Amino acid sequence: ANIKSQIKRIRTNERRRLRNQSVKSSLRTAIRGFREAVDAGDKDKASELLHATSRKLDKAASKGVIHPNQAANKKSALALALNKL
Amino acid sequence: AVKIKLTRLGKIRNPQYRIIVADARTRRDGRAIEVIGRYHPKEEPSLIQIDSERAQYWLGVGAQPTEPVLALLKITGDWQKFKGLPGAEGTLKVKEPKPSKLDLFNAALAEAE
Amino acid sequence: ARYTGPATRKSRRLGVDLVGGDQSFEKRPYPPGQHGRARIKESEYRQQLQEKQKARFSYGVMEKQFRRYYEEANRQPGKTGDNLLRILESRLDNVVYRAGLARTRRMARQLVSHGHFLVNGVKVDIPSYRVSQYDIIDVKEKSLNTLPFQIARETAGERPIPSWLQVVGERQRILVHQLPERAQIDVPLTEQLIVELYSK
RNA sequence: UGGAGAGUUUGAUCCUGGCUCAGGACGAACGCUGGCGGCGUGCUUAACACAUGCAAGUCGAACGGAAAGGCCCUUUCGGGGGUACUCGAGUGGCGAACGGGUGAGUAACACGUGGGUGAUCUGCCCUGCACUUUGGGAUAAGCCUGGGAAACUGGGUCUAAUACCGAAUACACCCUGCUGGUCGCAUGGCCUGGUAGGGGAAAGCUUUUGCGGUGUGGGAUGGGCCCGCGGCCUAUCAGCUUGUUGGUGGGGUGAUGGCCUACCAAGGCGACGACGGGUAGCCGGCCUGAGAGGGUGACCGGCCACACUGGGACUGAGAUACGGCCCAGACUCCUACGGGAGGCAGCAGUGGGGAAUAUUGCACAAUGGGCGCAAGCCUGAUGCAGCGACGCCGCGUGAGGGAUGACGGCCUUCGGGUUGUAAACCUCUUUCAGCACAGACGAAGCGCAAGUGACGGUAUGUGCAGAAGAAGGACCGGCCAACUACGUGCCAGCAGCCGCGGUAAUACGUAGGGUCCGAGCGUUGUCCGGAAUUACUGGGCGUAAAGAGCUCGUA
């Protein structure tokens with residue numbers, strides 16, 4: 001509020017927040033769809049939904065939106081959930 | 001980045017430094033990982049001692065000397081040894097020792113007789 | 001600071017002569033003032049205090065400096081009494097006085113404080129300067145011709161120079177072989193009384 | 001290396017036992033007094049409220065550009081074009097989480113010490129290996145225009161990137177299935193084990209000592225989490241707990257874990273003091289002490305916590321985000337009443353509180369830090385200076401000679417004694433101050449420019465003149481060094497205790513004298529010692545305080 005760098009950082013932090021929010025919302029939607037598909041009980045749609053969701057997860061990990069460990073945990077959980085079914 | 005800095009000691013008029021290895025984020029007089037020499041600029045030849053092997057180790061792991069420490073490392077030849085450009089030549093101008101008090105005592109006694 | 005008042009007062013009060021050759025003390029060897037003749041009550045504290053006053057008014061050392069000296073002497077690994085005596089004797093002004101270059105300790109202190117001397121090639125004007133082994137005390141060339149040093153250099157028949165000191169040059173150089181031991185000190189009073197007083 | 005006692009209960013004694021005193025210390029304050037220097041140190045109270053000025057920027061070698069200097073073409077002197085040397089504003093990167101302040105909260109894994117992590121993260125830095133392919137859509141700025149008092153903000157058009165986005169490759173990495181060997185400390189770990197499937201990136205700039213981008217192996221640094229042990233007072237606080245104790249499946253996290261959640265079981269803690277109440281930042285250290293111990297946490301150094309009060313997340317490698325954001329509240333300010341702005345416990349400074357604590361100073365010359373290839377820029381960090389006997393240390397205020405011992409004072413036995421070698425005088429020396437001249441180190445530094453020290457013309461050195469400009473405070477009945485006179489009279493007063501004042505006071509007041517200290521000397525406050533007076537070292541209980549009324553018996 002008092003220092004030029006702070007005002008510039010206000011704007012830039014806002015734009016970064018918008019981007020991160022979009023990425024996280026997309027990831028959450030993909031996970032939700034996959035979970036619903038597994039709940040339905042069909043394997044093939046769950047199969048390539050898992051593939052697409054894993055790709056989205058580690059691609060978001062590359063962007064820095066989520067930590068690579070978080071992507072690994074989510075991928076492992078989804079794969080184990082599919083394997084159990 | 002771990003750096004090889006100079007911390008300040010001594011009293012107000014006479015700064016005497018220690019060549020310390022410390023993180024760049026710590027304060028000047030903060031905790032030090034290691035002490036690898038000392039540097040007293042107040043003397044006429046400005047005594048410099050650097051423990052060569054520890055300096056070599058810390059340069060090997062990637063510590064970054066500050067400008068005064070870089071100048072000192074060049075003077076003692078440690079920097080050149082680490083790089084290897086002209087060789088490892090000691091340019092250190094050691095302080096010239098002062099004759100013993102006993103020498104002067106006997107000299108005065110003989111001068112009397 | 002310094003003590004500048006009459007010197008004979010302290011000698012009369014302490015019952016001994018501290019200057020060494022003063023006639024007034026011999027004329028009246030009793031304490032000063034109106035009641036210098038009254039009999040005194042005897043107390044160990046009084047004797048110890050008077051011994052300390054003798055020591056610190058012979059050498060012209062104030063109480064705080066004397067206490068520092070006593071702490072230093074006690075800390076040393078010898079014995080306290082002679083350690084204190086040797087520390088007192090190692091003062092520059094005392095060295096100048098015992099070297100036969102000053103009639104009295106006061107004038108030795110005055111000469112030292114005025115920077116008429118020079119120890120180890122560097123000018124020193126500090127009466128409390130302590131002198132170590134193989135120390136060479138010299139008079140600077142400018143003041144060699146002054147009347148004080150003149151009459152000091154032509155009356156070298158007074159009090160003998162102790163063993164630990166030795167004047168070697170016709171210009172009255174001083175050499176210090178080692179710090180004096182209790183045997184060669186040759187001082188009045190009793191060190192044990194001072195040690196007892198400062199342990200109270 | 002190393003422990004000292006004295007007074008006070010009685011007519012007198014011994015003992016027990018309390019009180020008091022002699023010592024040391026201080027972030028001190030007050031009284032009287034006060035010359036200098038060196039080195040330190042200075043809001044302990046209101047985490048009270050804050051005027052003003054500074055305390056975090058930087059990069060044109062990421063980018064479009066051209067507001068201000070430079071240069072060059074042009075001219076009517078109004079200016080106009082180019083340049084990219086350069087650079088305001090802007091996009092972008094890195095920094096801003098360090099450094100600096102404070103001690104409110106916190107009795108807690110906060111701190112100290114030692115471990116564990118087969119349960120974990122780590123930007124910049126160092127060092128191996130592999131890469132750095134390909135395409136696209138915007139937008140700030142600019143221009144035009146609207147709203148509002150202002151703060152600020154809407155629309156249209158337009159433009160660039162190392163800004164943003166899609167794909168390929170990676171098979172070193174991530175996930176899953178099967179499978180081999182091996183080490184264990186059980187989950188498990190390791191052999192970059194093998195094998196099948198799926199998948200995960202990058203950015204260019206610059207001609208000059210050239211700087212950069214991405215993945216991955218290993219270092220280095222900085223962390224996170226868990227645990228043993230250790231350091232307050234209070235049962236006139238005995239019960240406490242329901243995500244609370246454990247399991248399973250999920251979720252969540254960098255990571256383990258009731259961290260969260262559904263279900264299940266009924267546990268878990270507590271007289272070895274749970275649960276409450278009070279107080280408190282912790283430590284290296286500091287003071288005291290013979291030591292054990294006691295008190296303490298100022299400076300300096302480490303860790304924690306907080307940033308008007310209370311919640312919350314965002315960005316980021318990293319956030320109690322002091323000089324960031326959002327909300328609520330209190331307070332202060334502006335308003336065209338529609339709405340807005342602010343946060344000194346940063347450096348100085350102001351008001352208030354108080355017994356009491358400083359300059360709205362100088363410099364980036366040195367060290368440390370941020371950005372930059374670099375030159376360089378920023379840095380109230382820091383280096384210095386100013387103020388305060390606030391502390392420690394050192395020095396001076398003169399030295400030698402000088403008498404049947406001058407004058408004056410005071411006492412007197414009227415003789416004389418004391419001030420007193422003190423003084424007067426005769427010489428000597430000038431320390432420190434004063435004046436004059438010269439004048440540093442701190443910089444084997446920085447700079448490819450010619451120079452560069454804030455301190456500072458200081459310290460210091462050499463000359464000049466002259467004892468010339470330089471001493472006060474407390475105390476003097478005993479403890480406890482040091483006594484007389486006059487004044488006063490159970491008054492005025494003193495006093496740490498014992499106790500002193502009743503016309504002849506060594507105890508009040510004042511003068512002579514004396515003693516102890518000395519630029520200080522005393523008083524008050526606080527802690528330790530003396531105190532073996534909480535006794536571990538090192539005490540006691542028949543009559544001095546002290547054996548439960550007596551047994552049985554739980555831990």
Side-chain angles (χ1 to χ4, degrees), chain A residues 1-7 9-10 12-14 16-17 19-20 50-51 54-55 57-59 61-62 64 67-73 75-80 82-83, chain B residues 1-3 5-8 11-15 17 23-31 33 41-42 44-46 48 58-64 66-68 71-72 74-75 91 93, chain C residues 1-9 13 22 24 31-36 38 43 45-46 49-50 53 62-65 68 77 103-104 106-107 109-116 125-128 143 146-148 196 199-200:
Chain A
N2 303 332
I3 286 154
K4 291 185 53 211
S5 74
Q6 252 309 338
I7 317 182
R9 279 285 192 185
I10 284 174
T12 52
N13 292 352
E14 179 56 29
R16 298 209 197 221
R17 198 195 58 84
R19 160 195 171 195
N20 291 4
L50 165 79
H51 282 35
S54 301
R55 185 163 114 96
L57 269 160
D58 50 3
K59 156 177 319 296
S62 317
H67 198 273
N69 282 17
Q70 177 164 171
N73 288 341
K75 288 195 297 193
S76 179
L78 292 193
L80 285 190
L82 173 64
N83 274 220
Chain B
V2 59
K3 298 190 67 181
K5 327 184 180 179
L6 288 172
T7 166
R8 192 202 235 258
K11 26 171 160 185
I12 164 175
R13 272 330 179 291
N14 321 315
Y17 302 97
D23 194 279
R25 268 180 277 114
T26 78
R27 47 202 293 275
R28 196 233 280 147
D29 288 3
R31 194 172 231 137
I33 308 165
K42 262 300 206 74
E44 82 65 17
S46 158
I48 296 161
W58 282 115
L59 288 162
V61 296
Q64 297 295 333
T66 73
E67 310 311 62
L72 299 194
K74 283 171 187 175
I75 278 166
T91 330
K93 301 222 289 322
Chain C
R2 229 175 46 87
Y3 173 57
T4 96
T8 40
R9 297 194 90 268
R13 170 60 76 184
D22 170 299
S24 296
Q34 292 188 11
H35 305 299
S43 38
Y45 170 71
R46 173 187 202 279
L49 172 71
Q50 279 205 359
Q53 294 283 352
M62 317 265 308
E63 175 57 38
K64 244 170 278 186
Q65 203 148 58
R68 290 209 94 241
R103 202 149 145 280
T104 193
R106 284 209 196 189
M107 140 175 74
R109 191 210 182 70
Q110 162 85 286
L111 291 191
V112 163
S113 275
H114 282 184
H116 283 301
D125 65 307
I126 286 287
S128 74
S143 44
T146 56
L147 275 39
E196 301 259 319
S199 97
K200 207 183 159 217

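Below, chains carry the letters A, B, ... as their sequence lines are ordered, and counting in each starts from 1.
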Item checked: Nearest-angstrom distance from the residue atom CG of C:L111 to P of D:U430 -> 10 Å
Notebook entry, point to check: What is the distance, rounded to the nearest whole Å, between atom CE of C:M107 and atom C1' of D:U429?
Noted result: 11 Å
Checklist line | Side chain of C:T8 (C-beta onward), nearest among D:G324, D:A422, D:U397 | finding: D:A422
Notebook entry, point to check: For B:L6 and D:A444, what is the distance between atoms CG and P respectively, to the nearest whole Å?
Noted result: 14 Å
Check: Would you say the base of D:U430 and the side-chain of C:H114 have a donor-acceptor pair closer than 3.5 Å?
Finding: no
Notebook entry, point to check: Contact class for B:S46 (heavy atom, under 4.0 Å): base, sugar-phosphate, or nothing?
Noted result: base
Margin query: Measuring only between side-chain heavy atoms, which start at C-beta, is C:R106 closer than 4.5 Å to C:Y3?
Written below: yes
Check: Are C:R9 and D:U515 close enough that a side-chain N or O sits under 4.0 Å from OP1 or OP2?
Finding: yes
Notebook entry, point to check: How close do C:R2 and C:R109 get, heavy atom to heavy atom, and via which atoms?
Noted result: CD-NE, 3.2 Å
Next item on the list: With syn defined as a glycosidic angle within 90° of 0 and anti as everything else, classify D:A531.
Entry: syn
Check: D:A167 phosphate, OP1 or OP2: any side-chain N/O from A:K59 under 4.0 angstrom?
Finding: yes
Check: Does A:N73 or B:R28 map to a spot on RNA chain D nearer the 5' end, using the closest nucleotide for each?
Finding: A:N73
Note to self: Which nucleotide, if any, forms a Watson-Crick or G-U wobble pair with D:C21, using both distances under 3.5 Å?
What the structure shows: D:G5
Item checked: Two-distance pair criterion under 3.5 Å, Watson-Crick or G-U, for D:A62 and D:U452 -> no
Notebook entry, point to check: Using the purine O4'-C1'-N9-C4 or pyrimidine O4'-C1'-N1-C2 torsion, is D:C299 syn (within 90° of 0) or anti?
Noted result: anti
Checklist line | Flag side-chain contact, heavy atom, 4.5 Å: C:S113 against C:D125 | finding: no
Notebook entry, point to check: How far, in whole Å, is D:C455 from D:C111 if one measures between their P atoms?
Noted result: 45 Å
Next item on the list: Assign D:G415 to syn or anti; the rule is syn for a glycosidic angle within 90° of 0 and anti otherwise.
Entry: syn
Checklist line | C:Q110 side chain, from C-beta outward: closest of D:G57, D:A399, D:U253 | finding: D:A399
Check: Where does D:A97 land, syn or anti, given syn is within 90° of 0?
Finding: syn
Check: If every non-hydrogen atom of B:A24 is compared with every non-hydrogen atom of B:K5, which pair is closest and at what distance?
Finding: O-NZ, 3.5 Å
Note to self: Suppose the criterion is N1-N3 plus one more Watson-Crick contact, or the two G-U wobble contacts, each under 3.5 Å; do D:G310 and D:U209 qualify?
What the structure shows: no
Check: For the pair made of CG in B:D23 and P in D:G219, what is the distance, rounded to whole Å?
Finding: 19 Å
Notebook entry, point to check: Using the glycosidic torsion, which applies to D:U44: syn (within 90° of 0) or anti (everything else)?
Noted result: syn
Checklist line | base_contact_polar (D:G95 base, A:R9 side chain, donor-acceptor, <3.5 Å) | finding: yes
Check: Ignoring hydrogens and angles, are the base of D:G123 and the side chain of B:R25 linked by a donor-acceptor pair under 3.5 Å?
Finding: yes
Next item on the list: Please determine, for the side chain of B:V61, which listed nucleotide (D:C384, D:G199, D:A220) has the closest atom?
Entry: D:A220
Checklist line | Stacked pair D:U74/D:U75, ring centres under 5.5 Å, planes under 30° | finding: yes
Next item on the list: Go ahead and name the base partner of D:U13; Watson-Crick or wobble counts if both distances stay under 3.5 Å, otherwise write none.
Entry: none
Note to self: Given D:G177, D:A519, D:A220, identify the nucleotide with an atom nearest to the side chain of C:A1.
What the structure shows: D:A519
Notebook entry, point to check: Would D:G509 and D:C486 pass as a Watson-Crick or G-U wobble pair if both distances have to be under 3.5 angstrom?
Noted result: yes
Item checked: Residues B:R8 and B:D29 bridged, charged N to O under 4.0 Å -> no
Next item on the list: Would you mind telling me which of D:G198, D:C393, D:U176 lies closest to the side-chain atoms of C:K64?
Entry: D:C393
Check: Which residue lies toward the 5' end of RNA chain D, A:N20 or B:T91, if each is placed at its nearest nucleotide?
Finding: A:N20
Next item on the list: Round to a whole Å and report the spacing from CZ of C:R106 to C1' of D:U431.
Entry: 17 Å
Item checked: Min side-chain heavy-atom separation C:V112-C:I126 under 4.5 Å -> no
Note to self: Could you check whether D:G228 and D:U113 make a Watson-Crick or G-U wobble pair, counting it only if both donor-acceptor distances come in under 3.5 Å?
What the structure shows: yes
Note to self: How many whole angstroms separate atom CZ of A:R19 from atom P of D:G92?
What the structure shows: 13 Å
Note to self: I want to check one thing: is the phosphate of D:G369, taken as OP1 and OP2, less than 4.0 Å away from some side-chain N or O of B:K5?
What the structure shows: yes
Margin query: For the backbone of A:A72 and the side chain of A:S76, can you confirm whether one donor and one acceptor N or O come within less than 3.5 Å of each other?
Written below: no
Next item on the list: Kindly indicate whether the side chain of A:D58, heavy atoms from C-beta on, has any atom under 4.5 Å from the side chain of A:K75.
Entry: yes
Next item on the list: Using modelled atom types only, decide if a donor and an acceptor are shared between the side chain of B:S46 and the backbone of B:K42 within a distance under 3.5 Å.
Entry: no
Next item on the list: Select one nucleotide: of D:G100, D:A481, D:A56, the one nearest the side-chain heavy atoms of A:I3.
Entry: D:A56
Item checked: For atom CD of C:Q34 and atom P of D:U515, their distance in whole Å -> 13 Å
Note to self: Going only by the six-membered rings, do D:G398 and D:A399 fall inside 5.5 Å on centre distance and below 30 degrees on plane angle?
What the structure shows: yes
Next item on the list: When you get a sec, tell me which of D:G302, D:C384, D:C124 is the closest nucleotide to the side chain of B:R8?
Entry: D:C384
Item checked: Verify stacking: D:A495 then D:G496, 5.5 Å distance, 30° angle limits -> no
Margin query: In this structure, do the base rings of D:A467 and D:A468 stack on each other (centres less than 5.5 Å apart, planes differing by less than 30°)?
Written below: yes
Checklist line | Spacing between A:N2 atom CG and D:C325 atom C1', to the nearest angstrom | finding: 13 Å
Checklist line | D:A274: pairing nucleotide in any strand, Watson-Crick or G-U under 3.5 angstrom | finding: none
Notebook entry, point to check: Considering only side-chain heavy atoms of C:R68, which listed nucleotide, D:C39, D:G99, D:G394, is closest?
Noted result: D:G394
Notebook entry, point to check: Which listed nucleotide (D:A444, D:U315, D:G398) is nearest to the side chain of A:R16?
Noted result: D:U315
Next item on the list: Pick the P atom in D:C334 and in D:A89, then give their distance to the nearest Å.
Entry: 31 Å
Notebook entry, point to check: Can you check whether A:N69 has a side-chain N or O nearer than 4.0 Å to OP1 or OP2 of D:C121?
Noted result: yes
Notebook entry, point to check: Does D:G291 stack on D:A292, meaning their six-ring centres are under 5.5 Å apart and the planes differ by under 30°?
Noted result: yes
